[PDB]
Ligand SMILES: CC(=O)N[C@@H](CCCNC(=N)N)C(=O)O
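One chain comes next, on its own, written out as structure tokens in the form deposited without the named molecule.
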């Protein structure tokens, strides 16, 4: 689903100007300011966000286009490293992630990931691991983000400050609401609520005492007629023949309903991380200081088990595997 936000530029530049200029120095206060300001989002944008939050969509994403972004010459050099400096001045697309994110829920960091920070720069780096956001020339395969984590976030949000030079990197999304009807009833029933072994991403590795301790992911779960999805092409590891066959049918169906989005400066993509898998196609970095640059945050909501009380936007949570 898409919303053209161009006509909102003046109002959104104003809301961004309400926010602290050095977000990370007091991230709790920054995100509280963003929550207050989110009450003043333009009405039709607020409606689109609240509708998507409550209901999702058939295509599993909400793309906001034409948000105020700095001119390319007015941005810093694309980052080369992580974590970001705590003193880094606010970027307009970060302000947008604050406002839009707090309209939806609570920004969440993961202790073991990206030094326990909340805002993540997504840029290409040489020598990237094949599952990393740092990849460029190799396809980043379909994944639900952190499907294996008990505190998996409801949304992944990606805001673009720079696209890659040739605008060849496409962000791919595949929605369970489009894939499910392509599956037959026997496949749906095998997948639904069935725990399967799932490896974890690099950041979360170690301390796995025995095969008992391996994370368990239900590739479909919840209401049989409108299930949630948990899928990771590389990390999900079904063991019985009937499980491998059912996951292969799911994989095929997700490919057949793939949608491609080319993120450009000013775009903010909201992925329904309980109903959709995402991926990124190849591109060739130039190592020139102007490579592709996204900002990523994770948002928790009241849906399903994410929150148990007292959480704040900006909290950083520890790892517990699903079981």
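Numbering follows the first chain given and starts at 1.
Quick note: we don't show the form deposited with the named molecule bound, though the next part is all about it.
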In the bound PDB entry, is there a heavy atom of the named molecule that lies within 4.5 Å of any heavy atom of residue 103, even though the partner is absent here? no
Mark residue 65 yes when one of its heavy atoms lies within 4.5 Å of a heavy atom of the named molecule in the bound PDB entry, and no otherwise. no
Is there any non-hydrogen atom of residue 140 lying within 4.5 Å of the named molecule in the bound PDB entry? yes
Residue 94, heavy atom within 4.5 angstroms of the named molecule in the bound PDB entry: no
Which of 251, 132, 187, 117 has a heavy atom within 4.5 Å of the named molecule in the bound PDB entry? 132
Tell me, which of 128, 235, 192, 151 has a heavy atom within 4.5 angstroms of the named molecule in the bound PDB entry? 235
Candidate stretches 70 to 78, 241 to 249, 132 to 140, 84 to 92 - the one whose heavy atoms come within 4.5 Å of the named molecule in the bound PDB entry: 132 to 140
Heavy atom distance at most 4.5 Å to the named molecule in the bound PDB entry, all of 146, 201 and 298: yes
